[PDB]
Amino acid sequence: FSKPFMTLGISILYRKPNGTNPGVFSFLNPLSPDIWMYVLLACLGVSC
Amino acid sequence: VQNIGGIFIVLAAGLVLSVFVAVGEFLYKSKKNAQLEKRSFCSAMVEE
Ligand SMILES: *[C@@H]1O[C@H](CO)[C@@H](O[C@@H]2O[C@H](CO)[C@@H](O[C@@H]3O[C@H](CO[C@H]4O[C@H](CO)[C@@H](O)[C@H](O)[C@@H]4O[C@@H]4O[C@H](CO)[C@@H](O[C@@H]5O[C@H](CO)[C@H](O)[C@H](O)[C@H]5O)[C@H](O)[C@H]4NC(C)=O)[C@@H](O)[C@H](O[C@H]4O[C@H](CO)[C@@H](O)[C@H](O)[C@@H]4O)[C@@H]3O)[C@H](O)[C@H]2NC(C)=O)[C@H](O)[C@H]1NC(C)=O
Ligand SMILES: CCCCCCCC/C=C/CCCCCCCC(=O)O[C@@H](COC(=O)CCCCCCCCCCCCCCC)COP(=O)([O-])OCC[N+](C)(C)C
Ligand SMILES: CCCCCCCC/C=C/CCCCCCCC(=O)O[C@@H](COC(=O)CCCCCCCCCCCCCCC)COP(=O)([O-])OCC[N+](C)(C)C
Ligand SMILES: CC(C)CCC[C@@H](C)[C@H]1CC[C@H]2[C@@H]3CC=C4C[C@@H](O)CC[C@]4(C)[C@H]3CC[C@]12C
Ligand SMILES: CC(C)CCC[C@@H](C)[C@H]1CC[C@H]2[C@@H]3CC=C4C[C@@H](O)CC[C@]4(C)[C@H]3CC[C@]12C
């Protein structure tokens with residue numbers, strides 16, 4: 001061989017995992033969809 | 001409902017407590033008016 005004209009390295013080719021975006025109704029996520037109903041039935045209940 | 005949960009219990013606890021004290025104030029104005037006309041049914045039925 002001669003001297004190198006390029007330096008290598010063995011590594012792993014693999015797909016990037018798809019970063020599904022936090023879509024525009026993202027702020028409803030910190031409570032469960034039945035709890036948002038339970039709050040809504042509370043403010044419809046306690047007001048009655 | 002597993003996470004927070006218990007604030008709905010004390011919401012159901014205080015409002016049942018509040019109906020109890022609502023009757024006791026209703027029976028208290030039937031008590032200060034008990035020296036006026038009759039014992040219960042005068043101040044009850046007019047305020048019912
Ligand atoms: C990037 O983000 C995206 C998000 O969209 C992702 O991209 C794609 O994700 C896909 C999902 O993994 C991936 O797979 C292709 O999609 C479909 C999947 O449909 C069914 O296809 C196969 C059946 O042919 C199944 O193997 C699949 O699992 C799938 O659903 C059901 O799964 C069951 C489990 O195997 C299967 O078998 C049943 O299993 C039970 C228990 O084991 C019983 O035995 C039962 O009897 C079995 O039937 C179910 O049958 C199956 N249901 C149905 C209705 O099929 C698929 O079309 C595709 O290829 C299939 O079909 C083609 C048709 O010709 C054929 O070419 C294939 O051989 C294969 O049969 C794939 O499976 C996509 O590849 C991927 N796309 C890309 C570009 O990546 C990525 O996940 C994200 N990327 C990263 C890195 O995260
Ligand atoms: C503290 C106040 C409480 C109020 C009580 C009432 C609460 C009653 C609520 C009850 C449930 C409402 C939210 C649903 C549950 C969210 C989970 C879900 O899966 O939905 C998802 C579908 O997107 C939707 O469909 C969301 C619903 C749309 C209407 C939102 C009205 C806002 C509430 C009106 C309040 C204003 C008036 C208030 C009074 C003046 C949302 O998630 P995503 O982002 O779409 O994820 C996918 C994105 N992606 C596809 C790219 C991957
Ligand atoms: C006294 C006691 C009460 C009496 C009983 C009465 C009976 C009541 C019993 C009710 C039982 C519960 C049934 C509903 C269950 C829904 C949960 C769910 O998973 O679905 C979805 C809810 O996401 C929504 O789409 C919500 C609807 C829009 C939100 C706005 C509503 C309030 C607006 C403001 C309020 C103003 C407040 C004013 C205050 C003065 C979430 O999943 P998804 O992925 O989004 O699904 C998409 C569906 N889609 C495609 C059709 C869109
Ligand atoms: C005042 C009223 C209108 C509020 C809304 C209705 C209340 C009474 C109901 C609606 C759904 C109910 C909850 C449904 C599920 C559970 C899980 C269980 O393991 C304990 C009770 C608990 C936590 C319930 C408590 C009472 C509850 C919150
Ligand atoms: C705990 C229940 C069962 C019995 C006690 C009820 C209490 C909360 C009620 C009964 C009598 C009420 C009082 C009766 C009259 C007056 C005068 C008015 O100008 C201001 C309110 C005031 C001062 C009321 C405040 C509330 C009161 C003290």
# chains A, B, ... in the order shown; residues from 1 in each chain; ligands from 1
>>> interface_residues(of="chain B", to="chain A", cutoff="12 Å", atoms="only C-alpha atoms", output="JSON, numbers by chain")
{"B": [1, 2, 3, 4, 5, 7, 8, 9, 11, 12, 13, 14, 15, 16, 18, 19]}
>>> write_last_selection(atoms="N, CA, C and O atoms", output="PDB file, in the first residue's frame")
ATOM      1  N   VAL B   1     -57.825   9.364  35.823  1.00  0.00           N
ATOM      2  CA  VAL B   1     -58.634   9.271  37.029  1.00  0.00           C
ATOM      3  C   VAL B   1     -57.882   8.551  38.146  1.00  0.00           C
ATOM      4  O   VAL B   1     -58.204   8.737  39.326  1.00  0.00           O
ATOM      5  N   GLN B   2     -56.862   7.759  37.812  1.00  0.00           N
ATOM      6  CA  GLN B   2     -56.023   7.161  38.841  1.00  0.00           C
ATOM      7  C   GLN B   2     -55.055   8.171  39.436  1.00  0.00           C
ATOM      8  O   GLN B   2     -54.676   8.048  40.605  1.00  0.00           O
ATOM      9  N   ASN B   3     -54.649   9.170  38.654  1.00  0.00           N
ATOM     10  CA  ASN B   3     -53.611  10.094  39.096  1.00  0.00           C
ATOM     11  C   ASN B   3     -54.146  11.129  40.080  1.00  0.00           C
ATOM     12  O   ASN B   3     -53.725  11.168  41.240  1.00  0.00           O
ATOM     13  N   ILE B   4     -55.075  11.977  39.641  1.00  0.00           N
ATOM     14  CA  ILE B   4     -55.589  13.013  40.534  1.00  0.00           C
ATOM     15  C   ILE B   4     -56.770  12.497  41.359  1.00  0.00           C
ATOM     16  O   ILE B   4     -56.676  12.414  42.587  1.00  0.00           O
ATOM     17  N   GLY B   5     -57.890  12.154  40.728  1.00  0.00           N
ATOM     18  CA  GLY B   5     -58.886  11.288  41.336  1.00  0.00           C
ATOM     19  C   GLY B   5     -59.656  11.818  42.532  1.00  0.00           C
ATOM     20  O   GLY B   5     -60.880  11.957  42.485  1.00  0.00           O
ATOM     21  N   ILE B   7     -59.748  14.729  44.178  1.00  0.00           N
ATOM     22  CA  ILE B   7     -60.394  16.031  44.210  1.00  0.00           C
ATOM     23  C   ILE B   7     -61.834  15.938  43.748  1.00  0.00           C
ATOM     24  O   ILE B   7     -62.658  16.767  44.143  1.00  0.00           O
ATOM     25  N   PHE B   8     -62.170  14.933  42.941  1.00  0.00           N
ATOM     26  CA  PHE B   8     -63.565  14.678  42.615  1.00  0.00           C
ATOM     27  C   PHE B   8     -64.307  14.066  43.790  1.00  0.00           C
ATOM     28  O   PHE B   8     -65.531  14.208  43.890  1.00  0.00           O
ATOM     29  N   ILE B   9     -63.588  13.376  44.675  1.00  0.00           N
ATOM     30  CA  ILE B   9     -64.210  12.825  45.871  1.00  0.00           C
ATOM     31  C   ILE B   9     -64.553  13.940  46.848  1.00  0.00           C
ATOM     32  O   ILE B   9     -65.671  14.002  47.372  1.00  0.00           O
ATOM     33  N   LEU B  11     -64.874  17.044  46.051  1.00  0.00           N
ATOM     34  CA  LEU B  11     -65.912  17.851  45.421  1.00  0.00           C
ATOM     35  C   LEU B  11     -67.279  17.232  45.658  1.00  0.00           C
ATOM     36  O   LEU B  11     -68.261  17.945  45.892  1.00  0.00           O
ATOM     37  N   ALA B  12     -67.360  15.903  45.617  1.00  0.00           N
ATOM     38  CA  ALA B  12     -68.588  15.222  45.995  1.00  0.00           C
ATOM     39  C   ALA B  12     -68.807  15.232  47.499  1.00  0.00           C
ATOM     40  O   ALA B  12     -69.928  14.990  47.952  1.00  0.00           O
ATOM     41  N   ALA B  13     -67.763  15.491  48.286  1.00  0.00           N
ATOM     42  CA  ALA B  13     -67.927  15.511  49.732  1.00  0.00           C
ATOM     43  C   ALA B  13     -68.410  16.866  50.227  1.00  0.00           C
ATOM     44  O   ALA B  13     -69.288  16.934  51.095  1.00  0.00           O
ATOM     45  N   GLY B  14     -67.843  17.952  49.698  1.00  0.00           N
ATOM     46  CA  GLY B  14     -68.209  19.276  50.169  1.00  0.00           C
ATOM     47  C   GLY B  14     -69.595  19.713  49.743  1.00  0.00           C
ATOM     48  O   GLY B  14     -70.291  20.394  50.500  1.00  0.00           O
ATOM     49  N   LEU B  15     -70.019  19.331  48.539  1.00  0.00           N
ATOM     50  CA  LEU B  15     -71.343  19.718  48.062  1.00  0.00           C
ATOM     51  C   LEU B  15     -72.456  18.975  48.789  1.00  0.00           C
ATOM     52  O   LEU B  15     -73.515  19.556  49.051  1.00  0.00           O
ATOM     53  N   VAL B  16     -72.244  17.701  49.126  1.00  0.00           N
ATOM     54  CA  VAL B  16     -73.193  17.001  49.986  1.00  0.00           C
ATOM     55  C   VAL B  16     -73.172  17.598  51.390  1.00  0.00           C
ATOM     56  O   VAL B  16     -74.220  17.711  52.042  1.00  0.00           O
ATOM     57  N   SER B  18     -72.606  20.752  51.801  1.00  0.00           N
ATOM     58  CA  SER B  18     -73.223  22.062  51.635  1.00  0.00           C
ATOM     59  C   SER B  18     -74.741  21.987  51.563  1.00  0.00           C
ATOM     60  O   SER B  18     -75.417  22.948  51.946  1.00  0.00           O
ATOM     61  N   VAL B  19     -75.296  20.882  51.060  1.00  0.00           N
ATOM     62  CA  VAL B  19     -76.747  20.723  51.073  1.00  0.00           C
ATOM     63  C   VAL B  19     -77.234  20.518  52.503  1.00  0.00           C
ATOM     64  O   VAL B  19     -78.322  20.981  52.871  1.00  0.00           O
TER      65      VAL B  19
END
>>> residues_near_ligand(ligand="ligand 5", cutoff="9 Å", atoms="only C-alpha atoms and all ligand atoms", output="VMD selection string")
chain B and resid 20 to 29
>>> write_last_selection(atoms="C-alpha atoms", output="compact mmCIF listing (two decimals), in the first residue's frame")
# COMPACT_ATOMS: atom_id res chain seq x y z
CA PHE B 20 -76.76 19.68 54.75
CA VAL B 21 -75.88 23.17 55.99
CA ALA B 22 -78.34 24.68 53.49
CA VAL B 23 -81.23 22.83 55.14
CA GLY B 24 -79.96 23.76 58.61
CA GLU B 25 -80.06 27.45 57.74
CA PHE B 26 -83.51 26.97 56.20
CA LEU B 27 -84.63 25.35 59.45
CA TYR B 28 -82.99 28.20 61.38
CA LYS B 29 -85.15 30.85 59.72
>>> atom_distance(atom1="atom 50 (C, counted along the ligand's line) of ligand 3", atom2="CA of residue 44 (chain A)")
23.3 Å
>>> atom_distance(atom1="atom 42 (O, counted along the ligand's line) of ligand 2", atom2="CA of residue 10 (chain B)")
29.8 Å
>>> closest_atom_pairs(of="chain A", to="ligand 3", cutoff="8 Å", atoms="only C-alpha atoms and all ligand atoms", output="Markdown table")
| residue | atom | partner | partner_atom_place_in_ligand_line | distance |
| --- | --- | --- | --- | --- |
| A:33 | CA | ligand 3 | 17 (C) | 5.2 |
| A:34 | CA | ligand 3 | 17 (C) | 5.6 |
| A:37 | CA | ligand 3 | 12 (C) | 6.4 |
| A:40 | CA | ligand 3 | 37 (C) | 6.6 |
| A:41 | CA | ligand 3 | 3 (C) | 5.1 |
| A:42 | CA | ligand 3 | 2 (C) | 7.2 |
| A:43 | CA | ligand 3 | 39 (C) | 6.4 |
| A:44 | CA | ligand 3 | 1 (C) | 6.0 |
| A:45 | CA | ligand 3 | 1 (C) | 4.5 |
| A:48 | CA | ligand 3 | 1 (C) | 7.4 |
>>> residues_near_ligand(ligand="ligand 1", cutoff="8 Å", atoms="only C-alpha atoms and all ligand atoms", output="number ranges by chain")
A: 15-20
>>> select_by_dssp(residues="chain A", states="alpha helix (DSSP H)", output="list in words")
residues 35, 36, 37, 38, 39, 40, 41, 42, 43, 44 and 45 of chain A
>>> write_last_selection(atoms="N, CA and C atoms", output="PDB file, in the first residue's frame")
ATOM      1  N   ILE A  35     -60.845  13.038  31.698  1.00  0.00           N
ATOM      2  CA  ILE A  35     -60.742  13.990  32.796  1.00  0.00           C
ATOM      3  C   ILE A  35     -61.224  15.363  32.353  1.00  0.00           C
ATOM      4  N   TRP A  36     -60.959  15.728  31.092  1.00  0.00           N
ATOM      5  CA  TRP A  36     -61.510  16.960  30.536  1.00  0.00           C
ATOM      6  C   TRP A  36     -63.029  16.922  30.483  1.00  0.00           C
ATOM      7  N   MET A  37     -63.612  15.738  30.313  1.00  0.00           N
ATOM      8  CA  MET A  37     -65.055  15.622  30.454  1.00  0.00           C
ATOM      9  C   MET A  37     -65.466  15.725  31.915  1.00  0.00           C
ATOM     10  N   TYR A  38     -64.673  15.146  32.821  1.00  0.00           N
ATOM     11  CA  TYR A  38     -65.020  15.178  34.239  1.00  0.00           C
ATOM     12  C   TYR A  38     -64.917  16.582  34.816  1.00  0.00           C
ATOM     13  N   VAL A  39     -64.002  17.401  34.295  1.00  0.00           N
ATOM     14  CA  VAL A  39     -63.973  18.813  34.664  1.00  0.00           C
ATOM     15  C   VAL A  39     -65.178  19.537  34.077  1.00  0.00           C
ATOM     16  N   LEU A  40     -65.536  19.213  32.830  1.00  0.00           N
ATOM     17  CA  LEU A  40     -66.671  19.863  32.182  1.00  0.00           C
ATOM     18  C   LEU A  40     -67.988  19.462  32.837  1.00  0.00           C
ATOM     19  N   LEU A  41     -68.137  18.193  33.214  1.00  0.00           N
ATOM     20  CA  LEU A  41     -69.300  17.800  34.000  1.00  0.00           C
ATOM     21  C   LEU A  41     -69.254  18.325  35.428  1.00  0.00           C
ATOM     22  N   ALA A  42     -68.081  18.708  35.926  1.00  0.00           N
ATOM     23  CA  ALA A  42     -68.033  19.352  37.231  1.00  0.00           C
ATOM     24  C   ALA A  42     -68.565  20.779  37.158  1.00  0.00           C
ATOM     25  N   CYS A  43     -68.043  21.588  36.232  1.00  0.00           N
ATOM     26  CA  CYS A  43     -68.504  22.965  36.091  1.00  0.00           C
ATOM     27  C   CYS A  43     -69.900  23.069  35.491  1.00  0.00           C
ATOM     28  N   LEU A  44     -70.421  21.997  34.902  1.00  0.00           N
ATOM     29  CA  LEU A  44     -71.848  21.910  34.621  1.00  0.00           C
ATOM     30  C   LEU A  44     -72.625  21.353  35.804  1.00  0.00           C
ATOM     31  N   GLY A  45     -71.955  20.637  36.702  1.00  0.00           N
ATOM     32  CA  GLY A  45     -72.608  20.072  37.862  1.00  0.00           C
ATOM     33  C   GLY A  45     -72.637  21.013  39.046  1.00  0.00           C
TER      34      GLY A  45
END
>>> closest_residue(among="A:21, A:30, A:3, A:47", to="ligand 2", atoms="only C-alpha atoms and all ligand atoms")
A:21
>>> atom_distance(atom1="atom 51 (C, counted along the ligand's line) of ligand 2", atom2="CA of residue 13 (chain A)")
27.3 Å
